[PDB]
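A.B. asks: Once you've had a glance at the structure underneath, I'll fire off some questions.
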Amino acid sequence: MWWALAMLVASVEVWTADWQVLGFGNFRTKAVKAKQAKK
Amino acid sequence: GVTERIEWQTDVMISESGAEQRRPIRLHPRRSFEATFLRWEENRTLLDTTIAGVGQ
Amino acid sequence: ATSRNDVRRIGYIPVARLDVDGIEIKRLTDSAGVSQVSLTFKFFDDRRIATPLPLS
Amino acid sequence: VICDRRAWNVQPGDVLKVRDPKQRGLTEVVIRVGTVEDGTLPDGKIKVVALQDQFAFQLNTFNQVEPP
């Protein structure tokens, strides 16, 4: 919800965009965050 | 006549309903002085030289 | 207890606050004499009630 | 909200209750504090950006798909 507080500057929430890469592309399951390398 | 001004700085915030707030900004007021100088015959020269030298 | 004819005036004395920040004093002579001033007083009612914010 | 030195401790995320019953007719609402603009030695006042009440987690739906 901190996005909701971030949009506290709005003029009043629909969106349409592509993504800037994050850590989703999977090759090793992580039941907990051990972070990862980057190659 | 000689003119002197003792200046404070005191911000006052007044709400929509007239409720007021008070804040003196200067602990000790800053002081200023003024006077009309009328000089001539080597006194004008003294004033001019001294004031030009001082400046600020 | 006094008679009606025992008074000068019943002038108001409301809550007042000096208006201008810097005071102009006209010294027509040294401190021994004329030093008139032109204060301005703003009369109102002080309203804010201070219950200081708890757990500072 | 334009505020005098009444909320100088108030920090973003705090909670406070505002009331303007005789001009705007709003009934003593509780608000969450957001952005705050602390003032300088002049000008006195602090601007408080504030947002209606937020909430925590709780249970409404029973959405456990429970695949086969």
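Residue numbering restarts at 1 for every chain of the structure tokens, chains are lettered A, B, ... in their displayed order, and ligands are numbered from 1 as they appear.
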Pull the closest atom pair for each residue of chain D that gets at most 8 Å from chain C, along with the distance in Å to one decimal, counting only C-alpha atoms, ordering rows by chain and then ascending residue number, as a tab-separated table.

C.D. replies:
```
residue	atom	partner	partner_atom	distance
D:6	CA	C:53	CA	6.8
D:7	CA	C:53	CA	7.0
D:9	CA	C:56	CA	6.0
```

A.B. asks: Name the residues in contact with residue 50 (chain D) at a cut-off of 10 Å, using only C-alpha atoms, excluding same-chain residues fewer than 5 positions from it; report them as a list in words.

C.D. replies: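 My reading of the contact set: residues 5 and 8 of chain A; 1, 12, 13, 14, 15, 16, 30, 31, 32, 33, 34, 35 and 36 of chain D.
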
A.B. asks: Residues of chain B that have any atom at most 8 Å from an atom of chain D: could you tabulate them with the shortest-distance atom pair and the distance in Å to one decimal, using only C-alpha atoms, ordered by chain and increasing number, as a tab-separated table?

C.D. replies:
```
residue	atom	partner	partner_atom	distance
B:11	CA	D:43	CA	6.3
B:12	CA	D:44	CA	7.8
B:13	CA	D:44	CA	7.0
B:21	CA	D:4	CA	7.1
B:23	CA	D:44	CA	7.3
B:25	CA	D:42	CA	6.8
```

A.B. asks: Would you mind reading off the distance between CA of residue 15 (chain C) and CA of residue 17 (chain B), one decimal, in Å?

C.D. replies: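 Taking CA of residue 15 (chain C) as the start and CA of residue 17 (chain B) as the end point, the length is 16.7 Å.
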
A.B. asks: Up to 10 Å from chain B, what residues of chain C turn up? Count only C-alpha atoms and give them as a ChimeraX atom specification.

C.D. replies: /C:20-30,34-35,44-49

A.B. asks: Have a look at CA of residue 38 (chain D) and CA of residue 10 (chain D) and let me know their distance in Å, one decimal.

C.D. replies: 10.0 Å

A.B. asks: Using Å and a single decimal, report how far CA of residue 1 (chain A) sits from CA of residue 57 (chain D).

C.D. replies: 11.4 Å

A.B. asks: DSSP on the backbone: what in chain C comes out strand (DSSP E or B), as a PyMOL selection string?

C.D. replies: chain C and resi 16-18+22-27+35-37+41-43

A.B. asks: I need the residues from that last selection saved to file as a short mmCIF file (atom, residue, chain, number, x, y, z; two decimals), in the first residue's frame (with N, CA and C atoms), if you can.

C.D. replies:
```cif
data_model
loop_
_atom_site.label_atom_id
_atom_site.label_comp_id
_atom_site.auth_asym_id
_atom_site.auth_seq_id
_atom_site.Cartn_x
_atom_site.Cartn_y
_atom_site.Cartn_z
N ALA C 16 -4.72 43.87 23.17
CA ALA C 16 -4.08 44.57 22.07
C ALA C 16 -2.69 44.00 21.83
N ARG C 17 -2.22 44.19 20.60
CA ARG C 17 -0.92 43.69 20.18
C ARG C 17 -0.33 44.67 19.17
N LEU C 18 0.90 45.10 19.43
CA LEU C 18 1.53 46.12 18.59
C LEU C 18 1.64 45.63 17.16
N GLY C 22 9.05 47.18 13.17
CA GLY C 22 10.08 48.15 13.47
C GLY C 22 9.46 49.48 13.87
N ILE C 23 9.96 50.04 14.97
CA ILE C 23 9.39 51.24 15.56
C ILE C 23 10.21 52.44 15.10
N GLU C 24 9.54 53.41 14.49
CA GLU C 24 10.18 54.64 14.05
C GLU C 24 10.05 55.68 15.16
N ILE C 25 11.19 56.11 15.71
CA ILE C 25 11.23 57.12 16.76
C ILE C 25 11.93 58.34 16.19
N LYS C 26 11.27 59.49 16.28
CA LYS C 26 11.78 60.75 15.73
C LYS C 26 12.43 61.53 16.86
N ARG C 27 13.76 61.52 16.89
CA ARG C 27 14.52 62.25 17.91
C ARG C 27 14.80 63.65 17.38
N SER C 35 11.06 62.94 21.64
CA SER C 35 11.33 61.60 21.11
C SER C 35 10.02 60.90 20.72
N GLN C 36 9.15 61.61 20.00
CA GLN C 36 7.81 61.10 19.77
C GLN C 36 7.84 59.84 18.90
N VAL C 37 6.77 59.05 19.02
CA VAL C 37 6.63 57.78 18.33
C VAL C 37 5.17 57.60 17.92
N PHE C 41 -1.60 49.78 17.45
CA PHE C 41 -2.02 48.65 18.26
C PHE C 41 -3.17 47.92 17.58
N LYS C 42 -3.05 46.60 17.49
CA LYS C 42 -4.05 45.73 16.88
C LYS C 42 -4.78 45.00 17.99
N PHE C 43 -6.06 45.33 18.18
CA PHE C 43 -6.85 44.76 19.26
C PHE C 43 -7.68 43.59 18.73
#
```
